[PDB]
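Close look at the chain arrangement
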Amino acid sequence: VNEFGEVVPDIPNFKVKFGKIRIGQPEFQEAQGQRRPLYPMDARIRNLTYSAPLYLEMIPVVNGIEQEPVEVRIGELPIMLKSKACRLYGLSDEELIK
Amino acid sequence: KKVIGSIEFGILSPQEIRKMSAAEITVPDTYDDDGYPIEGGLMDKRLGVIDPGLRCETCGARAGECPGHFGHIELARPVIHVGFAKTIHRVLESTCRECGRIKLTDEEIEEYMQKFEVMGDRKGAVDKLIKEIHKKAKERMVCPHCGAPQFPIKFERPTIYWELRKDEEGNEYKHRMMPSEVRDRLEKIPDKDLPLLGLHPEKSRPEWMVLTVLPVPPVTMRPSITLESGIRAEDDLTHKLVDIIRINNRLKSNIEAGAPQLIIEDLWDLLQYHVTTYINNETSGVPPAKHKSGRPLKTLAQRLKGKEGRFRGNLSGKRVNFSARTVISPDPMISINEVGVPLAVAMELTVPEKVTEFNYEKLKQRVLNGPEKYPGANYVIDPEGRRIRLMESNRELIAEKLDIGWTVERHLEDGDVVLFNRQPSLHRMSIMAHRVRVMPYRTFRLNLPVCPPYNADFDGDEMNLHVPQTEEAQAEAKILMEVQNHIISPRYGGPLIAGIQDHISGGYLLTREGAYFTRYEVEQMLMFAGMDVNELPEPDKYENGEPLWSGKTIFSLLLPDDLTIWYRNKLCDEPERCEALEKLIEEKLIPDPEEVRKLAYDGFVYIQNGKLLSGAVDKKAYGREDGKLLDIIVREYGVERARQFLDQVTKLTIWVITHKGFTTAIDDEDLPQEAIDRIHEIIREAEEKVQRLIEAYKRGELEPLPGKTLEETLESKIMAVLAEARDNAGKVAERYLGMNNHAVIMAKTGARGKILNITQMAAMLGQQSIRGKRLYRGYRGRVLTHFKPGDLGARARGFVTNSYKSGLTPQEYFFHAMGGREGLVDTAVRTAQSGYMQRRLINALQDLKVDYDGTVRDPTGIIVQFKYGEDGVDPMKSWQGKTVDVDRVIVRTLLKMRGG
Amino acid sequence: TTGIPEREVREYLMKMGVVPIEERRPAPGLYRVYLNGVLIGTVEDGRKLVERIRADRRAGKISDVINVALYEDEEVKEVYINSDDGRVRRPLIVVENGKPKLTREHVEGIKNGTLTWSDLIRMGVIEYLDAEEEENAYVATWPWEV
Amino acid sequence: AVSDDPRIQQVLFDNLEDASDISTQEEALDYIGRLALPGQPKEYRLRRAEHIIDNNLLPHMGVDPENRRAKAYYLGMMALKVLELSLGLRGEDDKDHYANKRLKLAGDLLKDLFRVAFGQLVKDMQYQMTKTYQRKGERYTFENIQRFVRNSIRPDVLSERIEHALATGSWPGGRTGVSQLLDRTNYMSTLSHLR
Ligand SMILES: [Mg+2]
Ligand SMILES: [Zn+2]
Ligand SMILES: [Zn+2]
């Protein structure tokens, strides 16, 4: 992201500078939107994509002056099992059975 | 009911495309969209039916029995065909413009009329004659009839043409040639010049090469693939033909209203380009017209060709019916020409039977029994042609008067000829008609001696049979292709279907000196090996312990009554005691079998009058390579005798190897202590001789070889020392361990063994090389990182010194994996080069027959070889290159006459 | 190998005697310290500098993914430093003047719950070789023959 | 730029002087534009050789024409290495030795798949700002970008490119077969497929 920075639109006045990224816990919203955490045995049994949402804030630059950053989610991202970012990391023996 | 005599080729005239075509297509549209696929254009405008709608060009013609029909496109601009373009260029630069002549003198007109009838036969000789005409017409600029009218220089590469014309004095502007300008020139050539080229005045006019009207391929060649349930995947031919008509439509409007004269010429080339991919997508200098997802279009040239096209993929090689494919598993209890068939596969393959007069009692029962119980039928056929499936709810009303002439399809039974196949189909003999026998399990069975023709083994392979049906194609399989006709091979004469692993090493245990069988064991094995003899095992030759026989006379019941053969085999370790036996034989032709012959050996086979007096049977009497006791029984006593010599030997030999034991435990590889110290003094001094020869190179005492350089002489000398060391230690072990364990019995006679890998299991493993070089790949001057660098010693550059019993240490084991991976690469590499090399030789040589007067002739009638193969004996039946074999004949005929 | 920021290694060599490209002649100066394929700097004595980095790695000052190989041609001399992210390595035990380092007194510590593999490579007894540092080594096979 | 060793230096004057009297300075830059296409391009002449050199000659040093001073030293060093092997000063380098054969794996591969999918989402974002500025004109000034940004994204463009390239194994760089389904029979064979 720090390669791109500000690029365009065509109007000379407004530009957008890119901020930082955070990665949320693996969750999934269906139709009639409702967000609950996924659990990989459930995500290999009804054809899902075990994934996490990708939040990215942007900087509205009005003639130089930065005044209010808004965080917009861009998309989703697949996530590796038993990695540091998924829900099974450091999780004890009697719970992996659960 | 005629047949095709000859096919004559040519070019379609544009006049004939209109008369052949039934409709012109003017609507650039396929479906538009997802409902009512009917237009006034490319779909069924009385053009071709693919739907269940009966509308065609007035002829009914539902989709079953409907030939598709051709449409045409009135192209507004003339269009160069792609395939002719290299040969249109040969015409344009070799003609005098504006009149039509040939740019030749009157001498060559009268000479090359006359040269046509002289060379009127061979294709290759007249093809060079048409190139020199192109050569002589290029280097002339003065015609005899137009006064040199400023000939321009033509041009090519790849498709766009030009001319180099002068206007003021000497200009070199590249005037682009128009396709309309070309076709106007071609019409001015008179028809008499077409024999002077390679053309024909009624079938190939040159002006017809320029596509003025493009024909449309039919509906039956362009199907409509459905994707999920109602979505139609457009065909690759359909997708480009729609896009041709929409670039036409605008072009028609462009020249009818627009007049800027510049975009036209730009548009002109788009038309050309867009149909050019449709003939051949994979030309050079042309971007591939892709499908709009990332796939190229398989156009006509990819439909014709491409390693799976429509000469080899679907026309001369097709997928078949009435077959099966499963795994194999041995049994040595059926005859040599039978086969097992599982009972599930036997009820899903059928023969037609055509009840005449004498099987009518049989096939009444086969149709009364249903298609469940194993004698049963599936499909009955009336003489009209309406088949009647039998399965449903009654057969009694079909088991009525069966009306002689019908055709019943029943299951396979014991007797119906099948074929068999291995699929890699290398040589002539890997398809052979067997004789079905039905046994309940799920594997094809196969007699053990018939497994060097198929080149198979039994670690889960796959063999496929396929029943032939019509009564002419079935009697060809039984007479010409049964197993017993193929007992010898056409590559070297020697027998091919013969004994294998147990049949050899069992036969050595029967004819050893000391093989005395008791009375119960003789009587039991003669019943088991097929044969039928009465109470004459006589006469109880050694009653010293008990009344028990010898091993020779149980083997001397299988031979015919007047054999006479004597030869030397592999077990001869003392040539002097064979000599003595031979000497008596050559001077006193018939001695007495009692007295002198009990001076015998175990390495000189001698049979007379069907009685083996002296010998020991090994792999010189059977075998995949030469055995001259099955060999001399197929040339003297028919063939049908030698299928029951090999059927009775096989079951006799496996009996004695079963109830006598042939185990091989771990102590068979073992050497006592004093023999092992004999080996270790060899390995010590052989390493010291290596260490000395490095010192000669290091101090400048080179002693060079003439061919190689000093680095290459060193490596040469070393390997010889190492070789000798391993061969000298192989001789120590072989001398010591006796011929009484069950690991050298398998190696002397020969059945899956050598005398290398029994002394590569209690001795060295030699050096360890890789395609001739010694092991050198690795770090900078050291193969593994356990060795001091700058070292060329034996132990440090690929040389193991421990057995497969005394353990490999991790540098030696890692040296052995390097030599082991070299063997596995060269299996999959060498197989693919031989397969393509066979396709050249079959397809160049498959035309040749042998006529009745003994002459091999090509398809053109040119005699290739008189009196076939340096006349004239079949290599299947010649003996070892030679002919009639007088030598054996003389001895055989004299013996029989004199002996009486 | 995992990865490390490059700039920390660049600053670290500059005070240890690296004479940069501004000064080099170079030949024949027994020179050319490389870094991930990039040529930066020159040092004078090969035997002083290639032992200096390895002795520092087995103390704990520099990070643990750094490994120095030397090239000893008759006329050419290169000093290689490798700090990329995709190499393949292998563990060995340092020997020193004939004695295998860290004998039994640590092995009961490994057998007990005191220390582990995270502690042995920090204490400087296990060494990760590349394919390239392993060129200079000379490795035994058993503890008997050392 | 090449070397200062005198034994190398006398060889370089032979290859220099043999062709130095054909083309002079700053005219061979134009001659590369003569070679790639003919017949007085002029506008294609200057401009393609400026486009080739800044984007094909050694891109790991930079893309700016400032960086051309550094690329002369790098390519000067490769022409060094050809010419001490002709004399004999090193040995041949084998391209199997694991000193120069690295392994890019699932951390480094998946960053390349992210670069293409994020670069295509930014270019699709900018099209939805220019085709909405005029259709509605002017709105709340500081709340423009608080409402222009969140409506001009349509999140599904990013995530499909991530999934479909890895559920088929055909990545936009050119690699094929980089996603093989996990072989699952008998625990020794799932573990061996992860190595
Ligand atoms: Mg097999
Ligand atoms: Zn029709
Ligand atoms: Zn003329």
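Basis of the calculations
- Residues numbered from 1 in each chain as written, not as in the entry; some residues may be left out.
- Chains lettered and ligands numbered in written order.
- Part of a larger assembly, values for the part shown.
- Heavy atoms only, no water.
- UniProt positions renumbered as here; feature names shortened; annotations may be inferred.
- Helix = DSSP H or I, 4+ residues; strand = E, 2+ residues; numbered from the N terminus.
- Rg over C-alpha atoms; globule rule 2.2 N^0.38 Å.
- Buried < 20%, exposed > 50% of the residue type's maximum accessible area, 1.4 Å probe, protein only.
- Core = buried A, V, L, I, M, F, W, Y, C linked by side-chain atoms within 4.5 Å.
- Contact = heavy atoms within 4.5 Å.
- Salt bridge = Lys/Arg side-chain N within 4 Å of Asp/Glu carboxyl O.
- Buried area = accessible area lost by both parts, 1.4 Å probe.
- Polar contact = N/O pair within 3.5 Å; in protein donor to acceptor, adjacent residues only side chain to side chain.
- Nonpolar A, V, L, I, M, F, W, Y, C, P; charged D, E, K, R; others polar.
- Pairing = 2+ DSSP bridges.
- Axes fitted to C-alpha atoms, helices over the stretch in contact; angles between N-to-C directions.
- Donors = N, O, S within 2.8 Å, 3.2 Å for Na, K, Ca; no water.
- Expected span 1.5 Å × (residues − 1).

As deposited, the entry is annotated with cryo-EM as its determination method and 3.9 Å as its resolution.

With the PDB entry as reference, chain B is termed DNA-directed RNA polymerase subunit, source organism Thermococcus kodakarensis. The title given to this entry in the Protein Data Bank is "Cryo-EM structure of Thermococcus kodakarensis RNA polymerase". Within the UniProt record for chain B, the comment given under Subunit (unreviewed entry) is "Part of the RNA polymerase complex." The Subcellular location (unreviewed entry) comment attached to chain B in UniProt states, word for word, "Cytoplasm".

Named according to the PDB entry, chain A is DNA-directed RNA polymerase subunit beta originating from Thermococcus kodakarensis.

Turning our attention to the overall build of chain B. Along the backbone of chain B there are 21 helices and 20 strands. For chain B, whose C-alpha radius of gyration is 41 Å, the value lies well above the compact-globule estimate of 29 Å for 900 residues. Dimensions of chain B, computed from the C-alpha atoms along their principal axes, are close to 125 × 105 × 65 Å. Per-residue burial for chain B yields a buried fraction of 39% across its 900 residues.

Turning next to the nonpolar core. Residues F420, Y454, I607, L629 and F645 of chain B are the most contacted members of the largest nonpolar core, which totals 68 residues. Considering each element in turn, this core owes the most residues, seven residues, to helix α16 (residues 642-658) of chain B. Those residues in contact with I607 of chain B that sit more than four places away from it in its chain are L559, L563, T564, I565, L612 and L629 of chain B. Grouped together as the second largest cluster of nonpolar side chains are 23 residues, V16, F18 and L56 of chain A together with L113 of chain D included.

Attention shifts here to the pattern of salt bridges. Evaluation of the coordinates by the stated rule reveals 55 salt bridges over all chains. Two residues, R366 of chain B and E413 of chain B, come together in a salt bridge whose shortest N-O distance is 2.5 Å. Here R366 of chain B is found in helix α9 (residues 360-368), whereas its partner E413 of chain B is found in the loop between β13 (407-411) and β14 (436-438), with 47 residues between them in sequence. Accessibility assignment for this pair places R366 of chain B and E413 of chain B in one class, buried. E134 of chain C is the partner of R90 of chain C in a salt bridge, and the nearest nitrogen-oxygen pair spans 2.3 Å. Highlighted residues: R90 of chain C in strand β5 (residues 90-93) and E134 of chain C in the segment after β8 (126-129), separated in sequence by 44 residues. Of the residues examined, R90 of chain C reaches a relative accessible area of 34% and is grouped as partly exposed. Judged by its relative accessible area of 6%, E134 of chain C falls in the buried class. Bridged by salt links that share partners, the residues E353, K362, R410 and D416 of chain B form one connected network.

Attention now moves to the interface of chain D and chain C. The partner chain C presents twelve residues to the eight residues of chain D that form the contact. Summed over both partners, the interface of chain D with chain C comes to about 1,000 Å²; 55% of that surface belongs to carbon and sulfur atoms. Our enumeration of links across chain D and chain C arrives at one salt bridge. One salt bridge connects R102 of chain D with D84 of chain C, and the closest N-O pair in it is separated by 2.6 Å. Counting across the chain D and chain C interface gives two residue pairs in polar contact. In terms of residue class, the side of chain D that touches chain C is made up of five nonpolar, one polar and two charged.

Moving on: the sheet that holds strand β5 (residues 210-216) of chain B. Backbone hydrogen bonds are what pair the strands of a sheet, in a parallel or an antiparallel way. Residue and element names in this part refer to chain B. Spatially, β1-β2-β5 is the arrangement adopted by the three strands of the open sheet, whose pairing is mixed. Strands at the two margins of the open sheet, each flanked by one partner only, are β1 (23-24) and β5. Where β1 and strand β2 (residues 71-80) come together, two bridges link them in parallel fashion. For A23, the partnering residue across the bridge sits in β2 and is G71. Seen against the sheet, helix α6 (residues 236-256) touches β2 and β5 and runs at an angle of roughly 60° to β2. Packed on one face of the sheet, helix α7 (residues 263-279) meets β2 and β5 and runs near 125° to β2.

A few words now on the coordination of the magnesium ion (ligand 1). The protein atoms that coordinate the magnesium ion (ligand 1) are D461 of chain B (OD) and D461 of chain B (OD), at distances of 2.1 to 2.6 Å. Within the fold, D461 of chain B resides in the loop between β15 (444-446) and α10 (471-480).

Residue and element names in this part refer to chain D. With 20 residues, helix α4 (residues 68-87) extends 30 Å between its outermost C-alpha atoms, agreeing within 8% with the 28 Å of an ideal straight helix rising 1.5 Å per residue. If you check which residues of α4 are buried, you get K71, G76, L80 and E84. Phi turns positive, to about 110°, at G88, one or two residues after α4.

For the rest of this paragraph, the subject is the UniProt feature "binding site: Zn(2+) 4" (unreviewed entry) in chain B. Residues and elements named next belong to chain B. According to UniProt, the "binding site: Zn(2+) 4" (unreviewed entry) feature falls on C66 and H69. In this structure, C66 sits in the loop between β1 and β2. Every residue in contact with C66, bar those within four places of it in the chain, is listed here: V49, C56, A61 and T220. Take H69: it is sitting in the loop between β1 and β2. For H69, a relative accessible area of 17% puts it in the buried group. For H69, the residues in contact, after removing those within four places along its chain, are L47, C56, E57, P217 and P218.

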